[PDB]
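Okay, so here's just one chain, in structure tokens, the form deposited in one PDB entry.
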């Protein structure tokens, strides 16, 4: 049929999508800026579609409820037909690949540790062998699932602690995790993906640090409902944008050119 506006699900997560300064008097896509706003414009230009950015209603990346088997977050929006594409820092995982389609990755990353500067932790093993410093992950996504599924002793030990810790060590948004690190006087460390950790390290008051090696190696993909005809063109666009240097330019723009912690 005739062209329809493509509904893009995404998540309010700096620097991927952020409210523009004057958003209160703006409408539609003009309300937003960021890495994924720019990426959406490039993908749409290369693929020849018009689109509307829509923030995921529940604020989540996406996980499947073990009891009901219902998917939430951006994954759920695609699975249940509420959006046509997700353009967000959404990790390619096996359980998600089984239910939605993904482009080849537009960014490479791994789980990492965020500390308040001066915290005496250098590794996941360090966290797992002490109890003074609490630690947790984001809810409803790939990082929490990594710990729940790991057979590696250090990560099983960490999961066994986190799942039963009181008060809860899990957070609903990345921003809540950052605040918990910043306000906890060294007594909370946050487990999150490396490029988000790197972003926060460039933001005032410049009081957090990424420590240790990444725990894994994976990627973000542009996601579509399984079998959607949009997937092929979107994937070719991702590969072209990578090869032309545009994805590197966008990371540099939003992470480093705009950094607040010096040169």
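Residue numbers count along the first chain shown, from 1.
Comparing the deposited coordinates for 65 to 73 and 31 to 39, the stretch with the larger average C-alpha B-factor is 65 to 73. Remark: stretch with higher mean C-alpha B factor among 91 to 99 and 151 to 159 is 151 to 159. Per the deposited coordinates, the residue with the largest Cα temperature factor out of 112, 131, 142, 173 is 131.
Within the group 221, 213, 225, 59, the record's highest C-alpha temperature factor is found at 213. Per the deposited record, the Cα B-factor of residue 237 falls in the middle third when ranked against the other modelled residues of its chain. Per the deposited record, the Cα B-factor of residue 137 falls in the lowest third when ranked against the other modelled residues of its chain. The PDB entry assigns residue 104 a C-alpha temperature factor belonging to the lowest third of its chain's modelled residues. Compared with the other modelled residues of the chain, the Cα B-factor recorded for residue 25 ranks in the highest third. Compared with the other modelled residues of the chain, the Cα B-factor recorded for residue 177 ranks in the lowest third.
This protein has a second form, the form deposited in another entry, left out of what is shown; the following refers to that one.
Rigid-part rearrangement between this form and the one not shown places its hinge, out of 125, 216, 21, 65, at 216.
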